[PDB]
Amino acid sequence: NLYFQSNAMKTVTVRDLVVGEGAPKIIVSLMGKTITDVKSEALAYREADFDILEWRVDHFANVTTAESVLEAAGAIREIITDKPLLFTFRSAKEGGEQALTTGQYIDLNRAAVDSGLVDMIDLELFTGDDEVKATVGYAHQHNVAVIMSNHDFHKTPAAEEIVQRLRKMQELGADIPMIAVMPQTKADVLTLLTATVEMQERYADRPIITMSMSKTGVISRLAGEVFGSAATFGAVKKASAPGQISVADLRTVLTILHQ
């Protein structure tokens, strides 16, 4: 593996895909419980118009069996050969389906990095500063990029707190800081957009991904080009988080806004 990054241009290039330039990139989540479910999903996804494939490993039943994880990743790579693969174990507390100890989670991500089968890994900021920082370094030594993430499924923190978290992710070495928050009011949606603008304009030297979840926050998933979110999640069959619209509708809006 080998990816490129330009601090000056605020871009990260994985498999020829230039993140942080032009229209926002579409990410879709693959969720399969077993290895054949993963194969079936990968086959169905092959035709969808997305840019990055996220494997939601927390949906995989045999996540604690090293060989099963490798077989699943290999199966995805054999079916989806030309697009960046992002390895994401999303913890239950942050919107996921299972929970691992810190040691298991870190070991899991290290094994994914070692496999050479994934282009990117997701690391949750709140896992711990030292553990996260060591794992970012480890990923980079193997030419694997890192999307560092944080989520709040109940509320939207103040704009300044959102900005400080995104800056913290940069500090720890994240290639692409990412934050997802839940609006309780319309103003909360604007708060997330305000933080996106402030971060991207005054502190960022790389791409960032932000979103206000739920139907109320969907505009944050569409207006990335103007406000500064480099990527956005769409749904193929079903949503991996509240607020995502179909990949087809997402592409339609991104194209209309790019022109």
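One rule holds for the numbers: they count along the sequence shown, beginning at 1.
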{"item": "Higher-scoring stretch by recorded Cα B factor average, 61-69 or 225-233", "value": "61-69"}
{"item": "Entry-level comparison of average CA B-factors, 13-21 and 247-255, reporting the higher stretch", "value": "13-21"}
{"item": "Largest Cα B-factor, entry values, listed residues 80, 144, 147, 169", "value": "80"}
{"item": "Highest recorded Cα temperature factor - choice among 191, 210, 34, 214", "value": "34"}
{"item": "Modelled-residue ranking by C-alpha temperature factor, third containing residue 88", "value": "lowest"}
{"item": "Cα B factor band for residue 110 (lowest, middle or highest third within the chain)", "value": "lowest"}
{"item": "Modelled-residue ranking by C-alpha temperature factor, third containing residue 46", "value": "highest"}
{"item": "Residue 160 by Cα B-factor - lowest, middle or highest third of the modelled chain", "value": "middle"}
{"item": "Among modelled residues of the same chain, the CA temperature factor third for residue 54", "value": "lowest"}
